């Protein structure tokens, strides 16, 4: 928790560790043992509740509406389990990523801009972390509240169903005092930890992307005065200075590309899995929305599920698109300087940089797609079109 990219993301790492996200790497070995057991217990509890949900779906399968609702809950809560298992197996790549920026480049003339944009990146990471934390807290509170204001009955005659926040089969009574209170506390803890693990991993991905984008902005900002450094018909010392500046620029650009590739590997597999789950989730949600008839609780729940799913997709897409735009803008900022006064070497460097920036940096879901606002727009269009088809056929 001392060197770059782990000193910047340290609050994120601490939140991930606290929520039960393994990652036994960034503290004294004294905490290595205790922390570990905690993680296991959390997973156990998660799976336990998950299992208790799945069993409930078995005898709820007689009908179709309850089956669809149960399946949507099952996938919504499948996301955190997949993320929690995915991190430990791929932990070597995650640590390799987090150790990329330990030893970065340095030039005397571009130190001020480097510091400014590093600080700006840290600030934006903190802002994103706090925003997503607030969103998850709001989601948990809304879930609990809507569970408490709805009517807990089942359609068969009227059958009283336990007033629980997540449908589940419990050996406990789940109706009287002790069972009901224990179930409520357990389900609250579940919700909180599941949302926390899922969103912590997602926010780590997005924070990596934020750092990359801020480094690209620093590159452009110093691209502007680099040429003026070259433009002056240069003495030997000036030639060496221009060579050093070009070296710094190119090496930092390559460093940014390295970071992007590492992030791409790890969370590319992660995003492939995420969207594979989200597709079925959204299909079932479109069918469920076909059933809305103005009721507050039913519509509230359906729109909440849709909002959460599309919000996760939208976060990934926002930051992927930002990386793409930043690389293309690197091209544009390479063009828009005073290269017509620079020496031949500086102009050649400009040409090669503009060649490189012809393709935008991007993160792909294991080569099957890219994360961009185009992907989000396509997902939205697909779900809307499927809903229209469903209403027409009905």
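Here the rigid core means the biggest group of C-alpha atoms that line up within 1.5 Å when the two forms are laid on top of each other. Numbering follows the first chain given and starts at 1.
**Q** Any chance you could tell me whether 259-267 or 294-302 drifts more in 4 other deposited structures of this protein, judged by RMS CA distance from this form after superposing on the core?
**A** Comparing 259-267 with 294-302, the one that moves more in 4 other deposited structures of this protein is 294-302.
**Q** Taking the root mean square of C-alpha distances over all structures and residues in 4 other deposited structures of this protein, with a rigid core superposition, name the larger of 70-78 and 144-152.
**A** With the rigid core fitted, 144-152 is the stretch that strays more in 4 other deposited structures of this protein.
**Q** Between residue 156 and residue 157, how many residues of the deposited sequence have no coordinates in this entry: none, 1 to 3, 4 to 9, or 10 or more?
**A** Gap size class: 4 to 9 residues without coordinates, per the record.
**Q** Is there a break between residue 73 and residue 74, and how many deposited residues does it span: none, 1 to 3, 4 to 9, or 10 or more?
**A** Unmodelled stretch: none, continuous chain.
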